[PDB]
There are 6 protein chains.
Amino acid sequence: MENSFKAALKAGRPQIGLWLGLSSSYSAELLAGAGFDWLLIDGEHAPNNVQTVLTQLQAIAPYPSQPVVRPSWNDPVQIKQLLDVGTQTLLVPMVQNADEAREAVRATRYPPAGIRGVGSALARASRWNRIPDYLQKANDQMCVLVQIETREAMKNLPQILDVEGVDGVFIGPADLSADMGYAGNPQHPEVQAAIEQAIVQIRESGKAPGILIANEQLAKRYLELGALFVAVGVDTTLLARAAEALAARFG
Amino acid sequence: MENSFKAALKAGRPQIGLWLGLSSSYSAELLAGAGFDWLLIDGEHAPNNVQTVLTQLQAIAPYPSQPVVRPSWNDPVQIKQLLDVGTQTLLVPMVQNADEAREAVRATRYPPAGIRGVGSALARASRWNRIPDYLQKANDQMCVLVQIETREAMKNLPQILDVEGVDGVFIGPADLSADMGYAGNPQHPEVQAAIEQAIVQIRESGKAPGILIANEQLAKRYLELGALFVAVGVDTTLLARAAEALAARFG
Amino acid sequence: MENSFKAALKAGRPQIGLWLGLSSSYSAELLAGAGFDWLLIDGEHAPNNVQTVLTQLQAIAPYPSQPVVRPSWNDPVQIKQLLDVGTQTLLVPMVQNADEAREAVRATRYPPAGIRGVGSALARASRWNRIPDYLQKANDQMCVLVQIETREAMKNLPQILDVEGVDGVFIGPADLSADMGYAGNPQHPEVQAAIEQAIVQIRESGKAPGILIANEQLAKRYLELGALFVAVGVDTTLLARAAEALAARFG
Amino acid sequence: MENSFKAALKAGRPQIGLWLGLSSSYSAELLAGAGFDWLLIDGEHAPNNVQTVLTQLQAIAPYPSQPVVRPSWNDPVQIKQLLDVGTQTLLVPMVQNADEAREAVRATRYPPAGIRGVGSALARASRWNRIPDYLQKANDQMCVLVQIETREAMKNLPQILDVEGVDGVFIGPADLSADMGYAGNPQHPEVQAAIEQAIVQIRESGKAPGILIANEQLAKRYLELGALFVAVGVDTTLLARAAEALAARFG
Amino acid sequence: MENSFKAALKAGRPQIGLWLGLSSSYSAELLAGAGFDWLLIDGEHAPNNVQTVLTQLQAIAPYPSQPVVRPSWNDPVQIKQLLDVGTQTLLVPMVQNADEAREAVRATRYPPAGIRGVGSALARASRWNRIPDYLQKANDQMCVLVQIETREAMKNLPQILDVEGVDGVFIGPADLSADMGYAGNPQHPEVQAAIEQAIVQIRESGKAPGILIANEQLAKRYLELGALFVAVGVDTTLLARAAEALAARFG
Amino acid sequence: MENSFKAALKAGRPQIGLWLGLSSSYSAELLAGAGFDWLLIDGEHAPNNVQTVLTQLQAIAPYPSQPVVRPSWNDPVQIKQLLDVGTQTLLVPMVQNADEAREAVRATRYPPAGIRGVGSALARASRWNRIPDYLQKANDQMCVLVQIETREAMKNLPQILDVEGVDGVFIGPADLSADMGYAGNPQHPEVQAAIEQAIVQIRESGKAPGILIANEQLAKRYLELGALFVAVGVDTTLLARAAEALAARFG
Ligand SMILES: O=C[C@H](O)CO
Ligand SMILES: O=C[C@H](O)CO
Ligand SMILES: O=C[C@H](O)CO
Ligand SMILES: [Co+2]
Ligand SMILES: [Co+2]
Ligand SMILES: [Co+2]
Ligand SMILES: [Co+2]
Ligand SMILES: [Co+2]
Ligand SMILES: [Co+2]
């Protein structure tokens, strides 16, 4: 139950990821063999729930690619449920301030370090109580990544970076650009400056910067600035664009 | 992605609907061909979730009947999820006051007009980014219908009618009668007076009144008073009553 | 595990049925409460399989209405699987002669009376070995109903009626009229005479005649002639026709 | 729709239960025949949702074992949904004080006794309006069991016991031991003393004590002290431990 | 219910296709918007069944791309079921001779032209009896495509082409190369000559040649020779190869 | 893609198995961690199909326990489909003679050694063409186990054992005892002698004997005689018997 993604971040090894929105355990397996370091199972903007997360975790399990799950909100009940099905790395949307970051962290930890509900006999997370001393080992292998998605969050970043248990800070360029007045479109100097400044500041605190970016040149730029978990494409996009380009080549 | 239901309301064309609680994409398709103007996929009182809403939207899509979705609550996270799977007309339960109406509206609109989270690449709503300029076009095709279901809501109706983006106000007779002391049974003069007064007042503000009513005579009465989205039956009821009547005719 | 439908036919008590093509455990339960004596779960012309038959059986179980299952063909493997999930009454399509009727019967019976494969530890049929002496008791509670759907089958009816274990013979008017040259339209005197004569011949042989007929006056006619299992309507038709009629009343 | 579990508690007949976390309508049926008084469908620590609760209720229905459902949280919207699919006995997690206990109760009752939303035509709970006078009969057959899981809840127990409509108070030993500093492991004198004291105090108020305990000797001890709903094992545990022991016997 | 794919082949308009093996109604919709003329829902080499074919048909329905379904075998029972959920164009594998081609055709046609079983009240194919004169109109809109996959089938091609109702003949290069001794590797001159000669012979008989080929230059070659239904890629391959290429660009 | 179960049988290392009839990917994972050498996914007597076999394969994949799949019949089409989702070890029921054994073997092998259809781009079996030279490597890692379940099959055992590609012969005591006139009750000396003699004859031919037996002392006896794949219990039985015993201890 060692969290190898968490360990790679702490060691400064950049992790290249693919976003999964196809909400299918079958395509998840197909993509798990493609060579990524991590895969993001999106519970916020794709039609997933705890049960489909579970089947995608099962599909991914024998492969080297490490799963990360995005809950629909920073909701301790939903987080509890995701952790019991075996989630160990969470990408939490819309974290606006340090109090919210701390709540995300505490939702992942058993008392006294947090408020995670205890239900080990029933949980894939403990392999139904086969993992010895699960209750004592679990807190240390949880990896909490928080998303900053607004001007308010950018302003609070220093305080967020000070929250123990926040392992990574992810910048969401679509939401951030929208909040900044550019309608979800991030290729604007002001948006890029905000993104790049944050990446530097995050890395300077010893924490991992993350981002999703489908432009490969920008992905490399962010990596050069110190980003450590970078998602470089989206399954639905890869499929739709490849199919459309193919059809067009035949008229 | 033009919302034709929204446009019909704005033009004063009454829309006759059927409520869908069978929670099945197969019966949804069968009913989509029956000639209704709109179909209500009930996420509040039927066993639906975001995934079953999606498959019912897919089933309904080639037919002329327009889908409307009822979330389980006025919850911005659930609303975000429903919109990303392609919902454009929402019937929001238990809206008690103008602040709650405004929150329902803002949950449907991208910044700065609202707080809708951006996730277009992943969404059926944008057809996975095939709809050009989706982010700029989407807000205008969202149709927000709010339910008034209590004496408190009836008292706040004038203020609710003043909220921009509230396109329609729906009266729920079962909940309202229960709140008024008649245990969910609306055939009482006091309940009828409250319902009919509201319909007039709603229509007078230039907004669309709506209601569900399985009594056909009352449905016509409400339409005569200016109601514009009237659901005139429920799939589960139509099926159960037809089957029971058939069995009884054979002993 | 007593087969009450089988016992009712044997006692000459007419059983009034409803056909289930909605392929849903949810609507199956709703309909199980409507007062029918039997419900036909259609695996031939509706999108069912062994798994959906199982869930419909579970839904129907606490109600008085008795389930009957139609496999897609007279296939001993498919019959084996349906019996293991708990099916005790089978309506077998396209039985053309006595050899085929005997094959259907033998598929339902353990050796030496048949070729039914043994796997009771695993099966709902034995309640996972909780029913005592299941292997000894099962054969006697199987009820095999065979469909005659062609002129060839009608010619062979006398021989079919002589097969031990054939408890009932069902006439399919749609298939039969098509075979006779009337394109699935059974309201033609030559077709009605063939159906009436069969019903009489079946009843005179001391076996149960069955049929499906959505015309309530024809149903009553066939019951008058001695039909013992008569399905009087179809769920999809009930729902579609009720919905269409309702929409049309509002224009 | 009489709630026989509720009645057994009120009469002081101890009810022996099994916890269901396999989240399957198939194993639920298999276990429903095993001889327990009650079965707990866990929506908090197993991958269930309203739809899987529904299918497990359907599977259990013909058996004598009575279902109890644990929602993921004391959430009135989730409770509304569970009740409409037919849940009549709820085990509510993390009830910390009398206000929260009262909210749990009110979520189960129609106005004016509570805030349960009205949606009877659509609901399995009313058998789609077949149960006569459902709206007037339902409140009295709801059984609310609240979990005390923290030192704070133990301190508030007297006040919780004073809340009308709280039928039972359940002690969760894993969560309680964790909150008390023993990492989810309850075999410590301080934890046992707290548990046994609570059971006595609960029973003294005329309300039903409950607990889950897989140690059979402790289960008997708690029953001797007056516990009335005692779950004595967990499906996932029974299966995993039996399978592991079997494999080990063969090397 | 006009079969537009069938009409296009008959008019000699080349139709460009994409193979669907992801077995998902969700990715089917995403791909239905990509601009292909036809989409092949593979029930032979992907984990589909009648139920998943149905949901993919529903997903594809509002788009211009036309569905074609491959059953697992030339099995009249399976064909009956696929046609009842709405399939109008079938790609039948392993058709070895004229008798087998005639069997495939007859499985799709109502008596007297075939043995298709009648069950239109129940079926999506007739929109649950809403399509007027369905029984009379259906035969003419069925399009049967047969696969020649062996040397034996190639030898019998002239006779196969003479079967009335065979609208198209599809060459499977993987199976054919394997049968000819090149282990599913069709890039060998003896295999390419057999494929080219077949394409020409098919087109000269006034029927439509088809093929699947992921090499875009070979596809263009076969179109130049007269192939009329050409699948140019496979969803799983598009996705896997795009993902793998992306991961590799980041090392 | 090395078949480790096949290699263990060939090396004479006894493999201890558990039968899986719960038809759930969730319980399959729980059981995959219990320490068995092999797990039998039963498609003949449990409600499985190709789709549920796939998800169970995915669940089991990261564990050491090796999957074996039983199709419902010796059907080459069903075998093709099971192999494409990744099945490498098959337990084929009701193999009565050498011709049928050879048919089972040939169904698993690509031409010229068999008739397995080629569709590797699409299949999990090749990891969607990611396994290099899959077409060349696959045949050698298929393991075919045939069931002898009748007196006729026992008579033909010598010839069956002479079929190249038959790696193991499994005796089904339930079916065999039924065929011999002991109604699925194999605890009769004539049945035990037939089973013992078969085990010895199989092992002496240099092939692997197998059996299912829930009596642990008989299992140990058959292992002593040379049986190489022995299933020692069934999931549904383990669960049902553990639950029933537990309930009974509390009365
Ligand atoms: O659980 C059954 C669903 O609600 C209807 O498909
Ligand atoms: O509803 C379709 C799912 O989201 C994809 O399997
Ligand atoms: O995801 C697997 C379910 O939780 C058990 O049926
Ligand atoms: Co975002
Ligand atoms: Co309401
Ligand atoms: Co018929
Ligand atoms: Co607890
Ligand atoms: Co082929
Ligand atoms: Co057997």
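Read the figures in this text as sums done on the coordinates, not as results from a lab. All Cβ positions, even for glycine, are placed from backbone atoms using ideal geometry, and neighbour counts span all protein chains on display.
Order B:52-63, A:39-50 from most to least packed using the mean count of other Cβ atoms within 10 Å.
Working: B:52-63: 22.3, A:39-50: 24.7.
Most protected by this proxy first, the peptides run A:39-50, B:52-63.
Treat every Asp and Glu Cβ in chain E as -1 and every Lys and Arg Cβ as +1, leave all other atoms uncharged, and give the resulting dipole magnitude about the Cα centre to the nearest 20 debye.
Here the size comes out at about 600 debye.
Output wanted: per-residue J couplings in Hz (rounded whole) for segment D:3-15, from phi through Karplus 6.51 cos²θ - 1.76 cosθ + 1.60, θ = phi - 60°, x for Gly and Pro.
Karplus values, whole Hz, x for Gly and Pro: 8, 6, 5, 4, 5, 5, 4, 5, 7, x, 8, x, 10.
Other chains' Cβ within 10 Å of F:133-146 residues: what's the mean?
Counting other chains' Cβ atoms within 10 Å and averaging over F:133-146 gives 1.
Label-point separation (nm) for residue D:155 and residue C:137, each offset 7 Å from Cα along Cα-to-Cβ?
Placing both labels 7 Å beyond Cα along the Cβ direction yields 5.8 nm.
Step through the residues of segment B:209-221 one at a time and calculate ³J(HN,Hα) from phi using the Karplus curve (6.51 cos²θ - 1.76 cosθ + 1.60, θ = phi - 60°), rounding each to whole Hz and writing x for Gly and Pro.
Once θ is set to phi - 60°, the couplings for segment B:209-221 become x, x, 6, 10, 7, 8, 7, 6, 5, 5, 3, 5, 4 Hz.
Return the Cα extents of chain E along principal axes one, two and three, sorted largest first, each rounded to a whole Å.
Computed over the Cα atoms, the extents are 56, 46, 29 Å.
Below 8 Å between Cα atoms, with a sequence gap of 6+, how large is the relative contact order for chain C in percent?
Averaging sequence separation for qualifying contacts and normalising by length gives 19 percent for chain C.
Work out how far the C-alpha atoms of segment C:1-82 reach from end to end along every principal axis, then list the three figures in whole Å, largest first.
31, 28, 22
Counting pairs on different chains as well as pairs 8 or more places apart, how many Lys pairs in chain E have Cα atoms under 27 Å apart?
For chain E, the number of qualifying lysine pairs is 16.
Which cross-chain or sequence-distant (5 or more) residues have an amide H under 5 Å from the amide H of residue C:123, H modelled 1.01 Å from N in plane?
Amide H to amide H, under 5 Å and 5 or more residues apart or across chains, residue C:123 pairs with C:128, C:129.
Per DSSP H run of at least 4 residues, take -39500 (n - 2.57); add these up for chain B, divide by its residues and hand me the 222 nm value, nearest 500 deg cm²/dmol.
For chain B, the value works out to -11500 deg cm²/dmol.
So how far, in whole Å, is the C-alpha centre of segment A:1-35 from the one of segment B:211-242?
So the two Cα centres are separated by 51 Å.
Taking H as built 1.01 Å from N, whose amide H comes closer than 5 Å to the amide H of residue E:39, not counting residues under 5 places away?
E:18, E:66, E:68
Within 10 Å of each Cβ in D:64-77, how many Cβ atoms from other chains are there, averaged over the peptide?
That average works out to 2.
Would you grab the residues whose amide H sits under 5 Å from the one on residue F:172? Only those 5+ places off in sequence or on another chain, please, with H modelled 1.01 Å from N.
When sequence neighbours closer than 5 places are left aside, the close amide H contacts are F:148.
How large is ³J(HN,Hα), in whole Hz, for each residue of segment F:167-182 in order, when computed from phi with the Karplus curve 6.51 cos²θ - 1.76 cosθ + 1.60 and θ = phi - 60°, using x for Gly and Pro?
In residue order, the calculated couplings are 8, x, 10, 10, 9, x, x, 5, 4, 5, 4, 4, 4, 7, x, 10 Hz.
Rounded to the nearest 0.05, what FRET efficiency do residue F:220 and residue F:11 have when you use their Cβ-Cβ distance and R0 = 22 Å? Could you put the intermediate results ahead of the total?
Details: r = 21 Å, r/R0 = 0.95.
Once the sixth-power term is evaluated, E becomes 0.60.
Can you give the mean number of other chain Cβ atoms that lie within 10 Å of the Cβ atoms in peptide B:177-185?
Across the residues of B:177-185, the mean count of other-chain Cβ atoms within 10 Å is 4.
So for the protein assembly as shown, Kirkwood radius off the Cα pairs, Stokes-Einstein at 20 °C and 1.002 mPa s: how many µm² s⁻¹?
Numbers: Rh = 34.0 Å.
The Stokes-Einstein estimate is 63 µm²/s.
Starting from the Cα gyration tensor of segment A:1-140, take the square roots of the eigenvalues, sort them a ≥ b ≥ c, and report rounded, prolate or oblate (rounded when a/c is under 1.5, otherwise prolate if a/b is larger than b/c, else oblate).
rounded
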